[PDB]
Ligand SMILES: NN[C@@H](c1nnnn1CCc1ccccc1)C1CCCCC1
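What follows is a single chain, given as structure tokens, in the form deposited without this ligand.
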């Protein structure tokens, strides 16, 4: 089998992407944030504290003839931005782009933190990291991809995120019309539960490539590109007036600037992030200070190849017995 679904930016900055997902019988369609950095499929629901729902579409398990309470199971998750959610668990039928999994764990939120409530466009998350990170207790549950894998034509999914435009998540096949050149594959460590890999270096604008190993994760659920302080300083030093602001929480730059590109290495191959992809707009409405799309990882503990990086590429998440990642230009 295969599936193919369009993913759409939630706003004019590409802060995140939503993909429609059918849950239950009859289908209830929710728009979920596909997140290769986590491993829980959780939804706003009829169980979510009413004051914490503000415009999201909810899953109502009592209206699904295929929903079953997973007795005793609870979940609770916290994300790198400090947001969080928790609740109980149902199994139900879940379909993405025509690919159907029966018995998928659908984690129903009883509580969500303020940032989720405040984002009316995201009805939940669909995790695509390794199932060892799933938070369901006392019986850990599998991701949608892990459950679908055996049925897929090939044990892969691909992320083709757009810049200020829709893109595509495909399951079970590699669309050879969706990228240019060849796909360069690179080794993955699953030891931390992430799609963790090592970039071979970077360049800033038209500058020379610096060969240096950068371990990090391919994370569709993180907006920005978080890299070591040395690399980020080298980038922003090429932008007149750019500075790190403790009050804002990162590097800012004059909105009048034209930003240089940023290149990252994948083996001997190179992915170029255009300068425009690094502009996240005014720090507050009407400001002439703009927020940068490349930020230091120094306070995180891991480097994160988030959407800023991934949307410059066609990305293969290869879930073969030994997983690997593939990157192509597009």
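Numbering follows the first chain given and starts at 1. Only the largest set of C-alpha atoms that superpose within 1.5 Å between the two forms is called the rigid core.
Undergrad: Say the other structures are aligned on the rigid core; which stretch then has the higher CA RMS in 9 other deposited structures of this protein, 32 to 40 or 284 to 292?
TA: Checking 32 to 40 against 284 to 292 in 9 other deposited structures of this protein, I find the farther stretch is 284 to 292.
Undergrad: For the higher mean C-alpha B factor in the entry, choose 63 to 71 or 36 to 44.
TA: Between 63 to 71 and 36 to 44, it is 63 to 71.
Undergrad: On mean Cα temperature factor in this entry, is 194 to 202 or 246 to 254 the higher one?
TA: That would be 246 to 254.
Undergrad: For the listed residues 233, 186, 95, 213, which one has the largest C-alpha B-factor as given in the deposited model?
TA: Across 233, 186, 95, 213, the entry lists the biggest C-alpha B-factor for 213.
Undergrad: For the C-alpha B-factor as written in the entry, point me to the maximum among 144, 171, 226, 209.
TA: Within the set 144, 171, 226, 209, 209 shows the top C-alpha B-factor.
Undergrad: According to the PDB entry, is the CA B factor of residue 272 in the bottom, middle or top third of its chain, that is, lowest, middle or highest?
TA: Residue 272: CA B-factor falls in the lowest third of its chain.
Undergrad: Please say which third, lowest, middle or highest, residue 124 falls into when its CA temperature factor is compared across its chain.
TA: It belongs to the lowest third of the chain when residues are ordered by C-alpha B-factor.
Undergrad: Which third of the chain does residue 49 land in by C-alpha B-factor: lowest, middle or highest?
TA: Residue 49: CA B-factor falls in the highest third of its chain.
Undergrad: Once the chain's modelled residues are ordered by C-alpha B factor and cut into thirds, is residue 131 in the lowest, middle or highest one?
TA: As the PDB entry reports it, the C-alpha B-factor of residue 131 lands in the middle third of its chain.
Undergrad: Where does residue 157 sit by CA temperature factor within its chain: lowest, middle or highest third?
TA: Its C-alpha B-factor belongs to the lowest third of this chain's values.
There is also a form solved in complex with this ligand; it is not shown, and the following applies to it.
Undergrad: So which of 169, 145, 226, 202 reaches within 4.5 angstroms of this ligand in the bound PDB entry, heavy atom to heavy atom?
TA: Looking at the other structure, the residue within range turns out to be 226.
Undergrad: If we take heavy atoms and a 4.5 Å cut-off, which stretch out of 59 to 67, 22 to 30, 267 to 275, 299 to 307 is in contact with this ligand in the bound PDB entry?
TA: Stretch with heavy atoms near the partner: 299 to 307.
Undergrad: Would you classify residue 80 as touching this ligand in the bound PDB entry, given a 4.5 Å non-hydrogen atom cut-off?
TA: Looking in the bound PDB entry, residue contacts with this ligand include residue 80, since a heavy atom lies within 4.5 Å.
Undergrad: Mark residue 235 yes when one of its heavy atoms lies within 4.5 Å of a heavy atom of this ligand in the bound PDB entry, and no otherwise.
TA: Although this ligand is absent here, residue 235 would stay clear of it in the bound PDB entry, with no heavy atoms inside 4.5 Å.
Undergrad: Quick one: is residue 157 in contact with this ligand in the bound PDB entry, heavy atoms, 4.5 Å cut-off?
TA: Output for residue 157 is no: heavy atoms all beyond 4.5 Å of this ligand.
Undergrad: Would residue 92 count as a contact of this ligand in the bound PDB entry, using a 4.5 angstroms cut-off between non-hydrogen atoms?
TA: Taking the distances in the bound PDB entry, the answer for residue 92 is no, it never comes within 4.5 Å of this ligand.
Undergrad: Taking this ligand in the bound PDB entry, which residues of 213 to 232 have any heavy atom within 4.5 Å of it?
TA: Residues within 4.5 Å: 217, 219, 221, 222, 226.
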